[PDB]
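Enquirer: fold the following.
(chains A, B, C, D and E, ligands or ions: 2)
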Amino acid sequence: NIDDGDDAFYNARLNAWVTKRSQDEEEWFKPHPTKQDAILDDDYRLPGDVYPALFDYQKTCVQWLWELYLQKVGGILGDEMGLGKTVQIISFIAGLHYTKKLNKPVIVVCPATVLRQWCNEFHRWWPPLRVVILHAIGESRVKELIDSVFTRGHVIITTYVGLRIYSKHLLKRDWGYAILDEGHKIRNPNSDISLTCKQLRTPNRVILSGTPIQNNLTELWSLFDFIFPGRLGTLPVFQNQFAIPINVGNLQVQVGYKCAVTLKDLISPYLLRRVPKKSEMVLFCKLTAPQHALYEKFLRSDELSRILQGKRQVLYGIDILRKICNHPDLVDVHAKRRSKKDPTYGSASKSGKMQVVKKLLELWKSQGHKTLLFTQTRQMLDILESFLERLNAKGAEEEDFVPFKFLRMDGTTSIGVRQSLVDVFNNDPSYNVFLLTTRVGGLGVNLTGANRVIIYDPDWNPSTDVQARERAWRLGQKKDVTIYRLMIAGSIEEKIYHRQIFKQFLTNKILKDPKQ
Amino acid sequence: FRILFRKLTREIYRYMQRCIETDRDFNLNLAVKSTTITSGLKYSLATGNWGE
Amino acid sequence: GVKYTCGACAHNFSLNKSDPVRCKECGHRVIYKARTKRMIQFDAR
Amino acid sequence: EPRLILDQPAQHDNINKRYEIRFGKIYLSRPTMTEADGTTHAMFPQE
RNA sequence: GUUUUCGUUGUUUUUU
Ligand SMILES: [Mg+2]
Ligand SMILES: [Zn+2]
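Expert: Numbers count the residues shown, from 1 in each chain, chains lettered A, B, ... in the order given. Ligands and ions are numbered 1, 2, ... in the order given. Next comes the structure:
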């Protein structure tokens, strides 16, 4: 457990680094043992330890961070996935700690899947920086932890669930530089996010996420609020300025063009922007006759009108009409009572997608193509798992075949398992297919082994699918990757897919050309 | 049936107004609340009250 | 143990709490709990 | 009352955009009860 | 474990 909760852990690493560098003040302030420091200006000289270790993008991004620091306040530092974000931020923090310009503790908020990671780069790049995570180590115990966490303690780490466990003695005292590695758990305003985040007392505010804008410009305003105190205006002002005109849009374009380029110039110096082959084949299957019957039956019923008028929400009427598109046997009232104890619950050819699943997956089963099966519900996982077990039974009973070897991962499993299964797919010639349910999976899991991808059900977030495709389309993927979309024509899948295309246009004309 | 159908011909009007302003490609199979003449007969024959 | 009989197809069978009400061969959802073979004693008066 | 007329008197220059729906023949079907699992069967009173 | 837990509106038909 690499940490500095107990000063002994700090002392050991400190001594080791001092001995390493050796071959009046805090010793590190002296230049590099074999080279000099990079003096950008009077108040900023990067140590020779890391300055040449960076490269173009990284160096100019740390430069951007220093530029913002001098201009005060901060910005939403977000670019292509993992474009040295951590390296840049820690190098810049080390830069301020080097010139003694850090006069107040730094706070960094990161997910619980990267907690040890975030402490690791501190330990390896800059041992002189002390670090303390917000846990039992780094009710009185956390108060003795508070003792000398501001003078002795340099950087405090926090999980973005853990602030409201000890916020009583954190949000009170002043703070210096602020880092939040989370740009999709802030989104729009009016949430516990703003309740425990935007009450921090520091101009320095930086967010590390390359996907801040995925739903709407309200999320943009709320993300701009955290960094800057409102160079644009209030939420009513932000809306009444350009919310409707952008959506509706000549009569809109030109005035909208100027009103949008004004915003682009207003927020552009507050968030950085940086960016094998892929085949996108979308199959349009039809609703089967038993599916069309259950579709019309639910179509003409009291519950839909009851939802429409207002006593209920449309979220519970489009979840059940997607419940029938996945397969007919999921709108049953006995779902749990026959999910894993009735070997007829799954079935085949009734879903309207088994045939384009059987054929498409068997075209790779004998071809030996590690493929990704993708869902959103753990309930449909039961059906696709019974289906694949029956496929296994059929293949094993006859000959000249090979076991299908699937696996399912979800929130039901533990955080410990993760990488293990994520690895057993890459490093095993067997274990060809495995379902992933692309909500839990996509946090950064390395599954470069896959070369084929099947999308079964369209999602709501247009972003959740890019990580899904990236589960086999990682940067510099070994072999060509293809996407096969399942889409039931003449159904809600049509509306969702067109909606997702419109959402792609939204983030593809706001950031590309506002004349579209 | 006269009663129930006189409250059937009119919900076409009261939906082809909210969409006529949008002039959308209305499905026309969603404005016809077909259970219009199911429930009046069900209630008259079940509860016993011939009306609504 | 708990035996079941179909509607008129005369199919004799036994459902458990894992399947819906469906005569397994005829596909008849009007099924009937098969009578108990157990003896019943009468008074004949 | 076999006549259902709508309109958009304004412009489209000036116009009567006349949505006009005409009624027609009814249809009668034989009893079919349409099970809740798509196993549709013609319905018998005993059932 | 002594002990120990069902109801109403409305509707119809009824009973010397
Ligand atoms: Mg009496
Ligand atoms: Zn039968």
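Enquirer: so the residue of chain D found nearest chain A, which state does it fall into?
Expert: At 3.0 Å from chain A, residue D:38 is the closest residue in chain D, using CB to the nearest CB. Just so you know, the C-beta spots here come from the backbone N, C-alpha and C atoms, and that holds for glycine as well. Under DSSP: H, G, I helix; E, B strand; the rest coil, residue D:38 falls in the coil class.
Enquirer: does it touch residue A:290 like I think?
Expert: Yes - contact status for residue D:38 versus residue A:290: in contact at 3.0 Å, counting by CB atoms under 8 Å.
Enquirer: so what sits against both of those two?
Expert: By CB atoms under 8 Å, 6 or more residues apart in numbering or on different chains, residue D:38 and residue A:290 have these common neighbours: residue A:328.
Enquirer: and chain D, which residues reach chain A?
Expert: Applying CB under 8 Å from any CB of the partner chain, we find that chain D lies next to chain A at D:34, D:36, D:37, D:38, D:39, D:40.
Enquirer: so how do I select the buried members of these in ChimeraX?
Expert: Of the residues of chain D next to chain A, the buried ones can be selected in ChimeraX as follows, counting by 16 or more other CB atoms under 10 Å in any protein chain shown:
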select /D:37,38
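Enquirer: considering the residues of chain D next to chain A, which is situated nearest to residue A:196?
Expert: For the residues of chain D next to chain A, the minimum distance to residue A:196 (CB to CB) is 47.5 Å, reached by residue D:36.
Enquirer: surely the closest one and residue A:297 touch.
Expert: Yes - taking contacts as CB under 8 Å, residue D:36 lies within contact range of residue A:297: 7.1 Å.
Enquirer: ok, longest helix in chain B?
Expert: Counting by DSSP state H, the longest helix found in chain B is helix B:36-46.
Enquirer: next, the buried residues of that helix.
Expert: Going by 16+ other CB under 10 Å, helix B:36-46 has these buried residues: residue B:40.
Enquirer: please see if it touches RNA strand E.
Expert: No - for a cut-off given as CB under 7 Å from any atom of the strand, helix B:36-46 has no contacts with RNA strand E; the smallest distance is 9.2 Å.
Enquirer: helices or strands next to that helix in the packing?
Expert: Under the contact definition 3 or more CB pairs under 8 Å, 6 or more residues apart in numbering or on different chains; DSSP states H and E, helix B:36-46 sits against helix B:2-6.
Enquirer: mind saving the C-alpha coords of the longest helix of chain B as PDB?
Expert: What follows is helix B:36-46, C-alpha atoms only, in PDB (Å, rounded to 0.1, in the frame of the first residue of the first chain):
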ATOM      1  CA  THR B  36     -63.000   4.100 -26.100                       C
ATOM      2  CA  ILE B  37     -65.700   1.600 -26.900                       C
ATOM      3  CA  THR B  38     -64.500  -1.100 -24.500                       C
ATOM      4  CA  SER B  39     -64.800   0.500 -21.100                       C
ATOM      5  CA  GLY B  40     -68.300   2.000 -21.300                       C
ATOM      6  CA  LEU B  41     -69.700  -1.400 -22.300                       C
ATOM      7  CA  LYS B  42     -67.600  -3.100 -19.700                       C
ATOM      8  CA  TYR B  43     -68.800  -0.900 -16.900                       C
ATOM      9  CA  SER B  44     -72.400  -0.900 -18.100                       C
ATOM     10  CA  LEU B  45     -72.500  -4.700 -18.300                       C
ATOM     11  CA  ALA B  46     -70.300  -5.300 -15.200                       C
END
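Enquirer: which residues touch residue B:32?
Expert: With contact set as CB under 8 Å, 6+ apart, residue B:32 has these partners: B:11, B:12.
Enquirer: and chain B, which residues reach chain A?
Expert: Residues of chain B lying near chain A (CB under 8 Å from any CB): B:33, B:34, B:35.
Enquirer: show residues contacting stretch A:7-17.
Expert: So stretch A:7-17 is contacted by A:2, A:3, A:4, A:123, A:127, A:128, A:130, A:152 (CB under 8 Å, 6+ apart).
Enquirer: re earlier: as a markdown table, the residues of chain D next to chain A with distance to RNA strand E would be great.
Expert: Converted to a markdown table, those look like this (distance: CB to the nearest atom of the strand, whole Å):
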| residue | distance to RNA strand E |
| --- | --- |
| D:34 | 29 |
| D:36 | 26 |
| D:37 | 31 |
| D:38 | 35 |
| D:39 | 34 |
| D:40 | 33 |
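Enquirer: the residues of chain D next to chain A also near chain C: which ones?
Expert: residue D:39.
Enquirer: now flag whichever of the residues of chain D next to chain A is closest to chain B.
Expert: Closest to chain B, out of all of the residues of chain D next to chain A and judged by CB to the nearest CB, is residue D:34, at 13.4 Å.
Enquirer: circling back: weed out the non-buried ones from the residues of chain B next to chain A.
Expert: residue B:33.
Enquirer: could I get the residues of chain B next to chain A as CSV with distance to residue A:80?
Expert: Shown next, in CSV, are these (distance: CB to CB, whole Å):
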residue, distance to residue A:80
B:33, 51
B:34, 53
B:35, 54
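Enquirer: and the residue of chain D closest to chain A, what does it touch?
Expert: A:289, A:290, A:291, A:293, A:294, A:328.
Enquirer: neighbours of the first one, how many?
Expert: Translated: residue A:289. Neighbourhood size, residue A:289 [other CB atoms under 10 Å in any protein chain shown]: 12.
Enquirer: so which of the contacts of stretch A:7-17 wins on neighbours?
Expert: residue A:4 (27 neighbours).
Enquirer: relative to chain B, which residue of the stretch 51-200 of chain A is the closest?
Expert: residue A:188 (26.7 Å).
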